[PDB]
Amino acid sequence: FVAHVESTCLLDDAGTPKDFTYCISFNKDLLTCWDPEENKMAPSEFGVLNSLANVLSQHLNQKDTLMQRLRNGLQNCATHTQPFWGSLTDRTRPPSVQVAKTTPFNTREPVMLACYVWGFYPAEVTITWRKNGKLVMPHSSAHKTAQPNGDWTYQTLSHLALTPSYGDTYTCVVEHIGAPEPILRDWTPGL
């Protein structure tokens, strides 16, 4: 079996706790959490094996040492989070971006450009396209959330399908919070 004691801390970009939960699970079943309104360790929702969680309400709830820290609750996060918190809402790395042809997929068009976009934090990022200065739609419409790299950097891409004419200049626009200025990358058929 596996068991969890999950504490979530929810605080806005400044550093104030808007909510906080203390849940207890066993075998990927959510068993007992903290109810701030009634100030108790009540079992979460209902359950087929909740009786264990109901008994899990009695062991605990017999511990004022604990039972106080749950009353403390929200502010305990700010107390726990204040040292690093600033820098983490402050942590921000701009996204290197590059444009190159990729193998065309799902298209009658002969050329497909990928605008790769990597090494950034946070992951919120927006990528659009332009042809000769004006704004066109991108290839997919399904919103791809960026893929975590596991080392606090993220990455992603957008595609664009065109029939080439050398007079044209296609441009890819990246709006990370990392930069104050939109990053552009031009592409021309004779590049």
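Numbers for residues come from their place in the sequence shown, where the first is 1.
For the pair 90-98 and 68-76, the mean B factor over Cα atoms is greater in 68-76. For the pair 12-20 and 168-176, the mean Cα B-factor is higher in 12-20. Highest CA B-factor among the listed residues (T145, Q58, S141, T126): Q58. Residue set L162, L49, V136, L30: peak C-alpha B-factor at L49 (per PDB entry). For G119, the recorded CA temperature factor ranks within the middle third of the chain's modelled residues. Among the modelled residues of its chain, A53 has a C-alpha B-factor that falls in the middle third, as given in the PDB entry.
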